[PDB]
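In: Just need the structure, nothing else, for what follows:
(one chain, ligands or ions: 2)
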Amino acid sequence: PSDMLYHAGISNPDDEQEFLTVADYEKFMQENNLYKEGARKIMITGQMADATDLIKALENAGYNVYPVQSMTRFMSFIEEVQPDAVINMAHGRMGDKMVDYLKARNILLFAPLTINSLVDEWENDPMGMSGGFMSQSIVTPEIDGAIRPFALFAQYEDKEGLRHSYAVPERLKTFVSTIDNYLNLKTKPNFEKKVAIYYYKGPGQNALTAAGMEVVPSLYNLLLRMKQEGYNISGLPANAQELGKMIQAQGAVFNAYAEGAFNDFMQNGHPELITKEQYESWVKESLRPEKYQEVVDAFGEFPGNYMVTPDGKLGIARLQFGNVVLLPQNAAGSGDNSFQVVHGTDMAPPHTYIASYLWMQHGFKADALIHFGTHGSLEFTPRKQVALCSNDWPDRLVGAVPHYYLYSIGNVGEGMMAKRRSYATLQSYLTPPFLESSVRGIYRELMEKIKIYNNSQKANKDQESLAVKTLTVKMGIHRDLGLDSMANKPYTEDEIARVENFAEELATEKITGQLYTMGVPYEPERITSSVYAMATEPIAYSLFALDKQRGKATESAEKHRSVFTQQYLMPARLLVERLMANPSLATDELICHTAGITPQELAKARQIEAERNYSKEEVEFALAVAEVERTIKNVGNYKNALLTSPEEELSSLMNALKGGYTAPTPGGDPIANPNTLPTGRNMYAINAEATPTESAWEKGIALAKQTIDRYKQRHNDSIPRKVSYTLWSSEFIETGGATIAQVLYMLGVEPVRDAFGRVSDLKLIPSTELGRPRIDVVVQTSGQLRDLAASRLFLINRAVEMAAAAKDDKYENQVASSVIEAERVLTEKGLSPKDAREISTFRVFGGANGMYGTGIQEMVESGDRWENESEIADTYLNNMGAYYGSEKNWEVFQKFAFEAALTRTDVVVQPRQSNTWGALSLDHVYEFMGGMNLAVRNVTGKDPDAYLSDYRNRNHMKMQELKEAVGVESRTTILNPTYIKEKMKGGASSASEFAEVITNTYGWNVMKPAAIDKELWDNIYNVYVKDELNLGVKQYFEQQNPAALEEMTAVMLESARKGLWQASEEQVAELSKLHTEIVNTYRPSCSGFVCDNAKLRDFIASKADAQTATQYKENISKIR
Ligand code: NA
Ligand code: NA
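Out: Numbering: from 1, shown residues only. Ligands and ions are numbered 1, 2, ... in the order given. Please see the structure below:
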């Protein structure tokens, strides 16, 4: 039978009993005393493995089990039985009917995994799963809302030599305990549950941080909501300021060198004390001997050296209110100050990390674990990628406790690691609101001069050009665009057009305002501005495309930005305002009049759109029409969702804590994807076996052509010899694989799709069709991308090998030349000819030992531990020299392999997809891009070009230069009074952003000196040290967060000391005076720059007064 219920025989377990109706199975259970009155029911579906032991264990635990085998019509059994949970050995997806039933009934769905090998082989595999098997076992079920991808089943051999599937005995106990823990949340009273919450805090006196969120008020609101719901919370303070003071007093973390600080904390913070017996019992119960032996080898015997009493106990910092506990997250590594990774050894966490998590599991005996914000570091510990075993740290540290994780909708790429490696359930929260830059009144007279120039009918237009040039040079714009500043040499038409486009881009930039607090909606003005930002550009660009396709005079609007603003942006804004005033105007006649189409054309477009869910022009016309229709229709829904989301977040969190079901959702910020509202849902990703999709291919081709055209324009019509790429995960998920398309088109290879839409083969483009020589590529990746899509790397390497062997080309083949040069370089280094020939084709690289980052930020920000950039280049070459181009040579390190592949490199490309961060507001951007740039400059001896792929506007993707982007970001955010005044209405979390931006600016100046000017440092000094805008920022920093001001002053002084900034004596004196005054008044914060840099300390002391210097030195020496 194909649809049945099954069970194992009682007298004879070998043969199987089959039943066609639920009544027969119930009678069979009652005959054999398998039925218990009032017990909860569990249904088991699937065919991937043999589940006899699981059924027996669940029955012994005290449940009623229904094993159902039905591939298609399994909903009838579920509706007849009405279980309390569903366990699925998934192969594919179940459908929307299951999601509707789960939402209606509010029950859970689980999905364990199966391994098709022996246990010994599985425990030694560094990957676990990859490809179609991983897509069918993990990726697809997440679209239904499954949780806990736990590895349970494996295979064994008998005497004859036959493979048999079974369940590993050690995993079964943990799985059953987890099921019991999840089911007990529904019946236990709220007054008796115990909850643990984890937050992230900076060292010393720094503030709490999360991605775009104000942390302390959100925590206070959450605690108030929990107290209202009926939980046992006592001792809560009056307001959030008192909570912040208490957290600072009793919840701080310290670095290794600040012995005095935590020695003082031991006698004032009242921490939890752990003895040796408890720790040893917990370790024996939880971990394995070999991993603990590794920990002992790395750090020594218990308790270690960090926060230990003289008696021999360990101290844990926590803050407890009744049955709720708050804890900070410690460091997952060691401050050995050795920046080069040793190949062949992993990193084990110190004693404090393990002690905290084991005390949560066994000492506090928590019923629920919560991670508060984006993002922690638990899910980035070693070793395996997916399908973890008992040797992996996240699996052991999480245990069998329900796990919830608060995450932002703008960082979908990194949530998959938390979902798949720590078994967490994600809860989405919003992003900060958007507004206009309001800088149109500063660059107005320049626009008037340009307008006067454009309307001159004179044959000789030079004086107007001279006036425009004078105004441009006065404002310093010529440095951003790479123009000249000669006395009597007028500009040409193209340069003036570039200046006008730059100014218009400045005028229409969107910025973020005050940070987001849970339980508090935006201001009505911010609601209006966000709804304005979410709807204007789609309508404008779709109308422009529709006008272009019909053959209208769109050349002027495509050539100038002012014309486009005056012809397509203002009418869209007016229409959006009208629709926002009265949502009932959205009629088909309005659509047909706005798009200038007849109703029959609209019907045809709707028919085409429905069929796709014809020639190419019809398809694109229908797509534009559908975009216009959706954007017009959903304005009121946007506003309502924005107004209603904050309450839904708290309600969903409470429902999840009571053991309910959380609905799935996609990811992305509201501007890029409006389908992410309302929030409070669980995010999923795309299938990597179908990438690059049909839509991403054309965009990749266009971007590659734009890159080639720009390089030819800047270098006298010469094409590049080799191009470098960096691959990340979020843009891969949100674009469909456009960067891979760019790489493949640069090589000259195209994908081949089967009948199911999966890409599994490659084809060579003829040289005549290409119209240009082939160009070689080199690629670097991050850990998240390697986890998400590993087969695409194999495709890329295979494409490189295929293109290197193409002969009889009309144009030159540069891939073969690159291979020959790499082989020669390897030969001159002292390698065997066979090894050199084998290695001369490696082109995909990543972090050593499988780490997720580059490890270069720690070396750059330790200014007193290096002198030249060559040391940084060597460290970067060592730390990112592993190879990930094939499965048989997965994670193999060869000396000089990375260096030989970087020869003859001309361009560096970095993707960008989010509207919330830029080049100066994210540290990973400089960490990767500037590191690659520095390595290329050190290897080849010439500084390459740097470009950014702008995906932010899904209807208009483009390519931009790095220095222009830096200029735009600097002119729009940190030197803009509107941004500063909007930020000055927050707290400490808002105040940390300035220090973060200054640190990133210092890092960029270190990596690529030519991209940072002295005038930028001068402007920052004028704004933040002299207060030329008359905003009163010093008082704001004093009343909110002095540590940020200390950090900013220290960073500027370090830049002055290293020679990167050519400051004068007065500026140095003022900075030193301010730094010493703040440190003396408000005590040191002790970050890396302030309390761990001797040369900077001496430099600061030498520039100040003698008594002030002595007081500053004695203040510094107290913490060490
Ligand atoms: Na940093
Ligand atoms: Na990060």
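
In: ok, what's across the strand from residue 750?
Out: residue 763 (DSSP bridges).

In: contacting residues around residue 374?
Out: Under the criterion of CB atoms under 8 Å, 6 or more residues apart in numbering, the contact list for residue 374 reads 210-211, 406-408, 411, 414. In short, each C-beta sits where N, CA and C put it, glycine included.

In: repeat that with 6 Å
Out: Shown in contact with residue 374 (CB atoms under 6 Å, 6 or more residues apart in numbering): 210-211, 407-408, 411.

In: what do you get for residue 504?
Out: Each residue near residue 504 by CB under 6 Å, 6+ apart is listed here: 561-562.

In: Use 50 as the first number from now on
Out: That works, and once the first residue is 50, the last one we named lands at residue 553.

In: sec struct for it, please.
Out: State at residue 553, reduced to three classes by DSSP: H, G, I helix; E, B strand; the rest coil: helix.

In: Residue of the stretch 600-749 of the chain nearest ligand 1, please.
Out: residue 718 (23.4 Å; CB to the ion).

In: List the residues that contact that residue.
Out: 459, 480, 964.

In: Of those, which is the most crowded?
Out: Of all those, the highest neighbour tally under other CB atoms under 10 Å goes to residue 459, namely 28 neighbours.

In: check which helix or strand covers it.
Out: With secondary structure defined by DSSP states H and E, residue 459 is part of neither a helix nor a strand.

In: In three-state terms, how would the nearest residue to it once chain neighbours are set aside be classified?
Out: The shortest distance from residue 459 to any residue that is not its chain neighbour, by CB to CB, 6 or more residues apart in numbering, is 4.4 Å, and that residue is residue 718. When the structure is split into helix, strand and coil by three-state DSSP, residue 718 lands in coil.

In: now residue 857
Out: coil.

In: okay, now it: neighbour count?
Out: A count of neighbours around residue 857, defined by other CB under 10 Å, yields 6.

In: and the contacts of residue 423, which of them are in strands?
Out: With DSSP state E as the criterion, strands contain 456-457 from among the contacts of residue 423.

In: and the contacts of residue 423 as CSV, adding neighbour count and distance to ligand 1?
Out: As requested, the contacts of residue 423 are arranged in CSV below (neighbours: other CB atoms under 10 Å; distance: CB to the ion, whole Å):
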residue, neighbour count, distance to ligand 1
259, 21, 16
260, 20, 15
456, 26, 22
457, 25, 19
460, 22, 17
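
In: Please enumerate the strands of the stretch 950-1099 of the chain.
Out: Listed in chain order, the strands of the stretch 950-1099 of the chain (DSSP state E, counting those that start in this stretch) span residues 956-961, 994-1002, 1005-1010.

In: Determine which stretch of the ones you listed is the most buried.
Out: Mean neighbour count, computed with mean count of other CB atoms under 10 Å, is highest for strand 956-961 among the strands of the stretch 950-1099 of the chain, reaching a mean of 22.

In: strands paired with that strand, and their directions?
Out: Within its sheet, strand 956-961 is paired with strand 771-776 (parallel), strand 994-1002 (parallel), according to DSSP bridges.

In: Next, the angle from that strand to strand 1005-1010.
Out: Interaxial angle of strand 956-961 relative to strand 1005-1010 (axes from the mean of the first three to the mean of the last three CA atoms, to 10 degrees): 140 degrees.

In: now what about strand 956-961, what contacts it?
Out: Contacts for strand 956-961 (CB under 6 Å, 6+ apart): 769, 772-775, 780, 788, 978, 981-982, 993-999.

In: okay, now residue 353: neighbour count?
Out: The tally of other residues near residue 353 (other CB under 10 Å) stands at 15.

In: and the closest residue to it other than its chain neighbours, how far is that from ligand 1?
Out: Spatially, and ignoring its direct neighbours in sequence, residue 353 is nearest to residue 400 (4.5 Å; CB to CB, 6+ apart). Residue 400 sits at a distance of 26 Å from ligand 1 (criterion: CB to the ion, to the nearest Å).

In: that older thread, quick one, which of the strands paired with strand 956-961 gets closest to residue 855.
Out: Judged by CB to CB, the one of the strands paired with strand 956-961 that comes nearest to residue 855 is strand 771-776, at 16.7 Å.

In: what does that closest one rub up against?
Out: By CB under 6 Å, 6+ apart, the list of residues contacting strand 771-776 from outside reads 792, 795, 825-830, 834, 953-954, 956-959, 977, 981.

In: do stretch 817-824 as well
Out: With CB under 6 Å, 6+ apart as the test, stretch 817-824 has contacts from 795, 797, 859-864.

In: which one of these is nearest residue 1104?
Out: When those are compared for distance to residue 1104, the smallest value, 37.0 Å, is given by residue 795; criterion: CB to CB.

In: What parts of this structure come near ligand 1?
Out: By CB under 5 Å from the ion, the residues of the chain that approach ligand 1 are 906, 972.

In: Which residue ranges make up each domain of the chain?
Out: Under automatic domain parsing, the residue ranges defining each domain of the chain are 52-233, 239-483, 489-557, 583-682, 752-1011, 1025-1166.

In: In CSV: those domains, plus distance to residue 710.
Out: What follows is these, written out as CSV (distance: least, CB to CB, whole Å):
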stretch, distance to residue 710
domain 52-233, 5
domain 239-483, 10
domain 489-557, 43
domain 583-682, 27
domain 752-1011, 24
domain 1025-1166, 32
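
In: Please enumerate the strands of the stretch 300-449 of the chain.
Out: If you assign secondary structure with DSSP E, counting those that start in this stretch, the strands in the stretch 300-449 of the chain sit at 321-323, 363-365, 368-370, 373-377, 417-420.

In: which helices and strands does the third one pack with?
Out: Just to be clear, that refers to strand 368-370. Taking 3 or more CB pairs under 6 Å, 6 or more residues apart in numbering; DSSP states H and E as the contact definition, strand 368-370 has no neighbouring helices or strands.

In: got the CA coordinates for the host helix or strand of residue 621 in PDB?
Out: In the assignment (DSSP H and E), residue 621 maps to helix 619-630. The C-alpha trace of helix 619-630 is given here as PDB (Å, rounded to 0.1, in the frame of the first residue of the first chain):
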ATOM      1  CA  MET A 619       8.400  64.600  -8.600                       C
ATOM      2  CA  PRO A 620       5.200  63.200 -10.300                       C
ATOM      3  CA  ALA A 621       5.800  59.900  -8.600                       C
ATOM      4  CA  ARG A 622       6.100  61.700  -5.200                       C
ATOM      5  CA  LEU A 623       2.900  63.600  -5.800                       C
ATOM      6  CA  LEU A 624       1.100  60.400  -6.800                       C
ATOM      7  CA  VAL A 625       2.400  58.600  -3.700                       C
ATOM      8  CA  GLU A 626       1.200  61.500  -1.500                       C
ATOM      9  CA  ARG A 627      -2.200  61.400  -3.100                       C
ATOM     10  CA  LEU A 628      -2.500  57.700  -2.600                       C
ATOM     11  CA  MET A 629      -1.300  58.000   1.000                       C
ATOM     12  CA  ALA A 630      -3.900  60.600   1.800                       C
END
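
In: For it, buried residues please.
Out: Under the neighbour-count criterion of 16 or more other CB atoms under 10 Å, helix 619-630 has 621, 624-625, 628-629 buried.

In: now stretch 201-220
Out: 201-204, 215-217, 220.

In: Of those residues, which pair is most distant in space?
Out: 204 and 220 (13.8 Å).

In: related to what we said a few turns ago, how far is the helix holding residue 621 from where the chain is centred?
Out: Put simply, helix 619-630 sits 34 Å off its chain's centre (CA atoms, centre = their mean, to the nearest Å).

In: How about residues contacting that helix?
Out: Residues from elsewhere that reach helix 619-630 (CB under 6 Å, 6+ apart): 584-585, 588-589, 634, 684.

In: Among those residues, which lie within helices?
Out: Per DSSP state H, helices hold the following members of these: 585, 588-589, 684.

In: can you redo these as CSV with neighbour count?
Out: Shown next, in CSV, are the ones in helices among the contacts of helix 619-630 (neighbours: other CB atoms under 10 Å):
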residue, neighbour count
585, 22
588, 22
589, 24
684, 21
